[PDB]
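Just one chain follows, in the form solved without the partner chain, and it is written as structure tokens.
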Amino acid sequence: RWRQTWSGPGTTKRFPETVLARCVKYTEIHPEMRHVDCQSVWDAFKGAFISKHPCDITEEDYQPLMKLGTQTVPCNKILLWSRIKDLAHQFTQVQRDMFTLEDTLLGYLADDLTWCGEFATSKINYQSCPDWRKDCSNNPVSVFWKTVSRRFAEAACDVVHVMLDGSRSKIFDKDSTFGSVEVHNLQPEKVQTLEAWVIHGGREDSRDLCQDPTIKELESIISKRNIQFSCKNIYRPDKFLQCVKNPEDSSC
């Protein structure tokens, strides 16, 4: 209609079918999750937000889902990212040099989807869903991501990489999920170093963005956790990707 209860997009069309089909597909590829019952996954997922006011969702609502989707990826090969989705995923698709959150089952099930329910009825809302800004932050989508990204950062160890969008004006941004959750969930007992790869946009001959003020801030923030900091410009993202796929032939 012309009004809409909430200001964000409604649940993605086909959401139940999509999530079940992703679970089936993921548990076909990944032998360590080949024990998972996909219908039980869907039910645990749907139970977190059906018949619940979509501005009252808690991390508890998602605990049965997080249990069924329990998974360990190698803790020393984690790739976090911020505002540079495409290249982080492309990079991990190549030879599985690292794992992002969206290469875990739970991140895989939800990537790029929206969903909410209603306090009123047991139906899925396919017309609109709370916006984190205009409506409430404790909505099904934002809660889910906050919870699974905390857990994924908490699991990381050794050297943890992060890819940042060097086009952004705030290359490290305290308001992003990386700056507000993941970075404050790297464990000081386990993480030796965080290494940022700052991805350069197009043409420029370009500044050394590892000296950017927000990078120096990130550096001094993670030093209180007793984590070392390293930073690398990626000047040419498509030649980066090229070298990643053609390991050897080291023109570089």
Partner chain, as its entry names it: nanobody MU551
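Positions refer to the first chain, counted from 1.
There is another form of this protein, the form solved in complex with the partner chain, and it is not shown here; the text below is about that form.
> Just checking whether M98 would be counted as a contact of the partner chain in the deposited complex - the rule being heavy atoms within 4.5 angstroms.
Yes, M98 is a contact residue.
> Within 4.5 Å, heavy atoms only: does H30 come near the partner chain in the deposited complex?
Although the partner chain is absent here, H30 would touch it in the deposited complex, with heavy atoms inside 4.5 Å.
> In the deposited complex, is there a heavy atom of the partner chain that lies within 4.5 Å of any heavy atom of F45, even though the partner is absent here?
So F45 does not count as contacting the partner chain.
> Can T114 be called a contact residue for the partner chain in the deposited complex at 4.5 Å between heavy atoms?
No - in the deposited complex, heavy atoms of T114 and the partner chain never come within 4.5 Å of each other.
> Check for me: heavy atom within 4.5 Å of the partner chain in the deposited complex, for each of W81, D165 and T177, yes or no.
Not a single residue of the candidate spot has a heavy atom within 4.5 Å of the partner chain in the deposited complex.
> Ok, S169, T121, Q127, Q93: which has a heavy atom sitting within 4.5 Å of the partner chain in the deposited complex?
By the 4.5 Å heavy-atom cutoff, the listed residue in contact is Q93.
> Determine the residues of 32 to 57 with a heavy atom within 4.5 Å of the partner chain in the deposited complex and present them in sequence order; the list may be empty.
Heavy-atom contacts within 4.5 Å come from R34 alone.
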